[PDB]
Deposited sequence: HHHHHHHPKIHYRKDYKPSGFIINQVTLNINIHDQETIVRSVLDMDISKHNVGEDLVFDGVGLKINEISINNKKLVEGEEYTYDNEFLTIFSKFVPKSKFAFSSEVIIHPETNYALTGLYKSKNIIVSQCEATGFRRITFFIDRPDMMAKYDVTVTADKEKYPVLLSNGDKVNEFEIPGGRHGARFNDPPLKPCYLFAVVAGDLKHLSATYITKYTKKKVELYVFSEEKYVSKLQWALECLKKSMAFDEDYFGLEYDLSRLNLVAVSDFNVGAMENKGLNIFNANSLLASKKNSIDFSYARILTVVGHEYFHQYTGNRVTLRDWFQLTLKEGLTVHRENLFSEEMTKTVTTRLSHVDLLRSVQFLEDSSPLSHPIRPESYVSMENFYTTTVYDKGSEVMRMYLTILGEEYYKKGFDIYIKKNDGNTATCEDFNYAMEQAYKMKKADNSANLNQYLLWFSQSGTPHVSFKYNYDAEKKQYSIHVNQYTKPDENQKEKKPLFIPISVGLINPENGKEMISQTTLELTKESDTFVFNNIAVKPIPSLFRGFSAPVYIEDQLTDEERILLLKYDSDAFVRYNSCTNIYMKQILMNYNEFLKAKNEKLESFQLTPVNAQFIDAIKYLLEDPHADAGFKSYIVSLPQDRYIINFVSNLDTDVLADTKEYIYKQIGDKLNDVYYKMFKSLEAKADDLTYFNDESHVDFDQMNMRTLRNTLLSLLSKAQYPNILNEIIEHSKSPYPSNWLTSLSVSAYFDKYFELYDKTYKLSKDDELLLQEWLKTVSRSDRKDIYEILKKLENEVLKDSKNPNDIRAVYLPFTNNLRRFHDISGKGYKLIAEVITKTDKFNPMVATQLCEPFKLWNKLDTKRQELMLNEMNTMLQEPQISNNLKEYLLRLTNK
């Protein structure tokens, strides 16, 4: 079970200059012929020629057109092909092979596989070795010449990288196409697509060189009308990279292709981007609102890969966060600019602090550049991606737009790349910014190597006579398995000072640079005692301990200029309340109290929520955040041995407290919001997307949920009327909130009928049901399995049925262990054909050692059971071994 170590990087003792591919697709098999024009590198030392090759059936292999003999000249064990050096040339030579593979039965969705009636490849990170023999690593750059052949009736559209240079008919109702792609590339950027594809197209003229770029977006014929928004998003992405970064698209054509079966959101390949259908396809009638932001970010994401994917080659997979973190950052900038809503940034923060923080304090914790790996398929984490992006984002916060853009330019021009190369580039901008060639970003590198979430805490002092304000800051990171001693990080703290009398900014834009374990920042000429507005925009990926009173937090919530600090101040008020009530419920349970008291929710806090809700000029998206308690996975980072039942009771009490005061306000707003929220003026305009309007629907649907849970008088009338809405976000909401009423299975049937004839819509429906707050939710899942899901191997179907259920605090964590047992059964069943998705379904277990003693034991027993499965994949095993600290 080999472990790859970052310190042991060494260049290959070979070179592959040219790849010449012949991929012949047949009904029961695919024949791949490959000729590799190879050479010997300056690092060679007489070693064996070892190719990666997984699951390949050899017809023959050769060197210089002379067939090799097994046992004497080469061995193959279904993973590595070893050709003994004595039979390996010492100058330029040709290696060739013919193998048979079977996309029809490739249910792991890696390498070459069939999705519905489309043949498609997925080669990142190590899928190309599943197609043909290769030195399957990201620093092996080569030229590609690829011919594809297939039955013309079944596969009329043939696509691969580069230019289609030839099309030819073949005897037997077959045809062929040849694609030459001269620029060098890594093999994980190789792609091939074949199918009965329909497309929308457009021409984009670039800003500077005025070159015409053809844009194609493909799907199966049935869903071709759902492709327009994706096309628009692509236009948007090209324009943004132009305007913000000055980068034009390098090529003359861009293809986006949607497939039904895909392990992740999408995959960039040079000129040919392949997508999960749920991240490319949408219509107003058959998609929930969330799809539109999702497609925008994913299309944008794969697009921003393009310019840097050229010019910059990863030395090795340990530099993944440099590729992925930078792109997520660019994607985030794009999305914030395109949506123009503050909830876009908030939603990314909400994601980081729930999911990634949980990961970073779990046994799976790793830095964004890990020191080792067993399975590359487990390397693609929220830590590598989302903490990666926040570390990439901090460079911008530190430098500002002008110098950031200068540093980014340096990085591209100057540059195989490492995270250090990016740092060095940004460092040069840093020097120029501070006009001090002695200035450096050496400490910043700790963001790449140090695991765990730093804690930043504050103390304050105001001297009224001196007009002098001080902010005392402390940072620390808890030791973990990756570092016994944690060093202080370079932490940029974006701050303002709010005058509590009139809500005005008291100082200009200021970013404190914390570089020590602690420091004191002093401000003179501060006329009155301020309320500090800290980590504006969430300027560092840290736990913030603001040490503010709730009165101060309320004042920030009402009057601060920064959306994140307002939202965080709200969050912190909620957390103080949750921790207090949790401990009160816990003591009552422990001590078997017959009676006890609960601390009520702060009344001025409830007044502040009402104030903001009733402000017609305030933002609807932001409003939906303030009436929602913090995520369970955020809360859990703050509680030891969490009793999920006691947390459930805590949330219930707090929601009830606030509703008992504000429900009439909620109902009034739910009604007055209807006209603008559900405005149908542009319903049939496929390209008109209004993110403010979708936020209004989010607010209405949030309020509807609060009112339904509270059994507000006659709310069922509003629920039934809601189900008749043309918007899936609304009529799917009507389903889940109807859970608290007798009419649930009525709406269950109605919404099923609406959903069943669209594959993606059906999956949203499954999700809605899966997350329904039903006491009979286990019986309901069983129904979904037997009637809808069955033995589907579509990752979308499986994740749709089970993942939302796992977020059901009271039910998934049922003390019998029944929920853990159920998901472990699904994981083990899935792992037989798709280990990557099996690992995805482990996600609820990631917090196992944070729970109360009994639930820890239950989760651990189920993981140990999974670990005991004789046929467990290497993927699942490694992951569960790390998670259970074994």
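J.: Could you name the stretches of the deposited sequence that have no C-alpha atoms in this structure?
T.: Holes in the chain trace, numbered from 1: 1 to 7, 423 to 425.
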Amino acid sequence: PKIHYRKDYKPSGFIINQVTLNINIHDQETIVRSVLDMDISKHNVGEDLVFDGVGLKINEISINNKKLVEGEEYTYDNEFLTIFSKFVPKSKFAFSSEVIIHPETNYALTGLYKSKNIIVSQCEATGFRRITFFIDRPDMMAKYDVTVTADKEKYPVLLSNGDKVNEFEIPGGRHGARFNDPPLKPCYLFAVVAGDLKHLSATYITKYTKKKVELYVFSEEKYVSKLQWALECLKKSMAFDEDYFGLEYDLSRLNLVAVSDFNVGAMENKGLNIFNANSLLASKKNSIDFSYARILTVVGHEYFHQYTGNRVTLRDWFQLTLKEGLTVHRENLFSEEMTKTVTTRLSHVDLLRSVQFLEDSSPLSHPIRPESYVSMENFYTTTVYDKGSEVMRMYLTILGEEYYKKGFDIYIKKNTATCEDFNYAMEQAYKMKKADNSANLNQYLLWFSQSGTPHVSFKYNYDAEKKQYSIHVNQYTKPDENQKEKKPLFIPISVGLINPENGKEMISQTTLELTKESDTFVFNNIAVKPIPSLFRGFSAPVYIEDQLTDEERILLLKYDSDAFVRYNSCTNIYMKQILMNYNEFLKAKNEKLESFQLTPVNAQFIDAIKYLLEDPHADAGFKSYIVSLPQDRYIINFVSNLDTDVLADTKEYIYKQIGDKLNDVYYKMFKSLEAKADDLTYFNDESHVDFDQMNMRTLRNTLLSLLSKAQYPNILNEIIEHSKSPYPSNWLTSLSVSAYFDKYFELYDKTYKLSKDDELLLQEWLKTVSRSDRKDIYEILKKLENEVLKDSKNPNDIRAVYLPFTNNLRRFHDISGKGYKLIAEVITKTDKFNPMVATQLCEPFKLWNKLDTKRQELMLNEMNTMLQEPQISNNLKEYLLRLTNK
From here on, numbers count along this sequence of modelled residues.
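J.: Can you tell me which stretch has the higher mean Cα B-factor, 564 to 572 or 684 to 692?
T.: For C-alpha atoms only, the mean B-factor is higher in 684 to 692.
J.: Comparing 876 to 884 with 2 to 10, which has the greater mean CA B-factor as deposited?
T.: Mean B over CA atoms: larger for 2 to 10.
J.: For the C-alpha B-factor as written in the entry, point me to the maximum among 828, 849, 62, 834.
T.: Answer for 828, 849, 62, 834: 62, with the highest C-alpha B-factor.
J.: Among the candidates 603, 351, 648, 754, give the one with the maximum CA B-factor reported in the record.
T.: Answer for 603, 351, 648, 754: 754, with the highest C-alpha B-factor.
J.: Could you place residue 770 in the lowest, middle or highest third of its chain by Cα temperature factor, using the values in the record?
T.: According to the entry, residue 770 has a C-alpha B-factor in the chain's middle third.
J.: Give the position of residue 98 by CA B-factor within its chain, expressed as the lowest, middle or highest third.
T.: Ranked within chain, residue 98 CA B lands in the highest tercile.
J.: Taking the entry's C-alpha B-factors for this chain, is residue 530 in the lowest, middle or highest third?
T.: Tercile = lowest for this residue's CA B-factor.
J.: Thinking about Cα B factors across the chain, which third does residue 728 belong to?
T.: For residue 728, whose C-alpha B-factor we compare with every modelled residue in the chain, the answer is the middle third.
J.: Please place residue 208 in the lowest, middle or highest third of its chain according to the CA B-factor in the PDB entry.
T.: Highest third - that is where residue 208 ends up once the chain's C-alpha B-factors are sorted.
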